[PDB]
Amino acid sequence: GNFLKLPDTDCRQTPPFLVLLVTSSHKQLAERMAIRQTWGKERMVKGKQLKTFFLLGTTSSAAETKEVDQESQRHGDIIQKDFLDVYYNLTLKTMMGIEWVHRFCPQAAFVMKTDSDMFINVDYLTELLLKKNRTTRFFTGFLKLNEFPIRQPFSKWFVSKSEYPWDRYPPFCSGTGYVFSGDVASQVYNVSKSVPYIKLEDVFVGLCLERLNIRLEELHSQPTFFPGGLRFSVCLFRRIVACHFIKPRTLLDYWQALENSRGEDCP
């Protein structure tokens, strides 16, 4: 599928239970390292394999290119295709990850597309997935069901009426972090080229899901995805899946906190 970089993995020999696909720009090496030492550390969670890969495009900068090439050689966890890695190309990045799942890891039980400014509790997510008994046509996260396109011309998320001509967006989940059974990736890739393009990646996935008649489901009876951020407590982060607004230094302090407090019980 025209991939410049592929992770050294074989999902047929060892079918992963959860695959994390993380978006980060080239210069965000600090974010990728913090994730690699924290929630992205590959391991067995309740006997289920967790794999973590980073989605990258390409950049004009030769320096950055070299750096990333070196990182791929040292880590072997980068998925890359030739597309200008900018905020308005995140739909290409997301479709790149979905294509990678479809071509090289269709065996994954579940896939999580996440951003790099985030805390992910994989242990609580794995537990909640094994309790849902939903292994096909499954898609969850922070559900956004009546969103209106931003028409403020200078907003980061402005879309003109030519880019998106309708009053409302389809049902979708925040791109901060969404999870789907591995089969959905193949369906989204197959229908992607026939769905009207939009530069907001989570909206675009929503348009595809709408085309495929796959409905959005809440993961749990309590909220577990927090795109707005949360006040930190070891007890709260033990009972959530994802939290946004987390810079790298903060991610390491939180992981040290949960590591320092393992063994303590919580109200």
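In case it trips you up, residue 1 is the first one in the sequence shown, and so on.
If you average the C-alpha B-factors over 90-98 and over 190-198, the higher value belongs to 190-198.
The mean C-alpha temperature factor is higher for 54-62 when 54-62 and 29-37 are set side by side. Of all the options 11, 246, 257, 19, the entry's greatest CA B-factor is assigned to 11.
Among 117, 123, 82, 167, the highest C-alpha B-factor in the deposited entry belongs to 82. Among the modelled residues of its chain, residue 113 has a C-alpha B-factor that falls in the lowest third, as given in the PDB entry. When the modelled residues of the chain are ordered by C-alpha B-factor, residue 235 sits in the middle third.
In the PDB entry, a CA B factor belonging to the lowest third of its chain's modelled residues is recorded for residue 140. Among all modelled residues in this chain, the alpha-carbon of residue 160 has a temperature factor (C-alpha) in the middle third.
Placement of the Cα temperature factor of residue 205 within the chain: lowest third of the modelled residues, per the deposited record.
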